[PDB]
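Trainee: Sharing a structure, written as structure tokens. Questions coming.
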Amino acid sequence: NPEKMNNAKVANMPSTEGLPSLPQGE
Amino acid sequence: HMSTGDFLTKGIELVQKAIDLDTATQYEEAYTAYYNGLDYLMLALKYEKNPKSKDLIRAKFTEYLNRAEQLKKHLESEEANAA
């Protein structure tokens, strides 16, 4: 079932929201 | 372990790798994986016909693009300071 596969892959895409902010300065 | 097509899968596998590299503070390799991943996800978007899938891929693409920007701003800043 290609449709359900595709939908599942999209649903489970990873998140960056746990990653620490990366500041830049001098 | 490589074939043609399957853009979505390739893109997701690379970003999964980027996030682990990112987590490990290996930002040079992380960035490379992010942009490789993003190239594939862009292709995925181009040929995605399901509007909901497209919206969701696009939302994630944006998030990754944002992270990748942070890493490049960091990496090039660092290189300049090394001089």
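Chain labels follow the order of the structure tokens: the first chain is A, the next B, and so on; residue numbering restarts at 1 in every chain, and ligands are counted from 1 in their shown order.
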Produce a table with one row for each residue of chain B that has an atom at most 9 Å from any atom of region 11-17 of chain A, each row naming the nearest atom pair and its distance in Å at one decimal; use only C-alpha atoms; arrange rows by chain and rising residue number; format as CSV.

Mentor:
```
residue,atom,partner,partner_atom,distance
B:12,CA,A:13,CA,6.6
B:15,CA,A:14,CA,7.7
B:16,CA,A:14,CA,6.5
B:19,CA,A:16,CA,7.0
B:53,CA,A:11,CA,8.3
B:56,CA,A:11,CA,7.8
B:57,CA,A:13,CA,8.1
B:60,CA,A:13,CA,7.5
B:63,CA,A:16,CA,7.1
B:64,CA,A:16,CA,7.1
B:67,CA,A:16,CA,7.3
```

Trainee: Output the contact residues of chain B with respect to chain A at a cut-off of 10 Å, based on only C-alpha atoms, as a VMD selection string.

Mentor: chain B and resid 8 to 9 11 to 13 15 to 16 18 to 20 22 to 23 25 48 50 52 to 57 60 to 61 63 to 64 66 to 67 70 to 71 73 to 78 80 to 81

Trainee: Please measure the separation of CA of residue 36 (chain B) and CA of residue 51 (chain B), giving the value in Å to one decimal.

Mentor: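 The value is 23.9 Å.
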
Trainee: Suppose you want the space between CA of residue 68 (chain B) and CA of residue 35 (chain B); what is it in Å?

Mentor: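 Value for the CA of residue 68 (chain B)-CA of residue 35 (chain B) distance: 7.2 Å.
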
Trainee: What is the CA of residue 4 (chain B) to CA of residue 26 (chain B) distance in Å?

Mentor: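 Computing the Euclidean distance for CA of residue 4 (chain B) and CA of residue 26 (chain B) yields 28.6 Å.
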
Trainee: Which residues in chain A does DSSP call helix (DSSP H, G or I)? List them as JSON, numbers by chain.

Mentor: {"A": [2, 3, 4, 5, 6, 7, 8, 9, 10, 11]}

Trainee: Just to be explicit: take each residue in the selection above, keep N, CA and C atoms, and write the result as a compact mmCIF listing (two decimals), in the first residue's frame.

Mentor:
```
# COMPACT_ATOMS: atom_id res chain seq x y z
N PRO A 2 1.16 1.80 -1.19
CA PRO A 2 2.04 2.97 -1.30
C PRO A 2 1.51 4.22 -0.58
N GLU A 3 0.20 4.42 -0.60
CA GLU A 3 -0.40 5.61 0.00
C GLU A 3 -0.14 5.65 1.51
N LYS A 4 -0.46 4.54 2.19
CA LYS A 4 -0.31 4.45 3.64
C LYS A 4 1.16 4.53 4.06
N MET A 5 2.04 3.96 3.25
CA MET A 5 3.48 4.08 3.48
C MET A 5 3.92 5.55 3.44
N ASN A 6 3.60 6.22 2.33
CA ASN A 6 3.96 7.62 2.16
C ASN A 6 3.43 8.47 3.30
N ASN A 7 2.17 8.27 3.67
CA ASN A 7 1.55 9.01 4.76
C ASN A 7 2.28 8.77 6.08
N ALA A 8 2.68 7.53 6.32
CA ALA A 8 3.38 7.17 7.54
C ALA A 8 4.76 7.84 7.63
N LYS A 9 5.51 7.79 6.53
CA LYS A 9 6.83 8.40 6.48
C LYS A 9 6.73 9.88 6.80
N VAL A 10 5.77 10.56 6.18
CA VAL A 10 5.61 12.00 6.43
C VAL A 10 5.25 12.26 7.89
N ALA A 11 4.30 11.47 8.40
CA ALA A 11 3.85 11.59 9.78
C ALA A 11 5.00 11.50 10.77
```
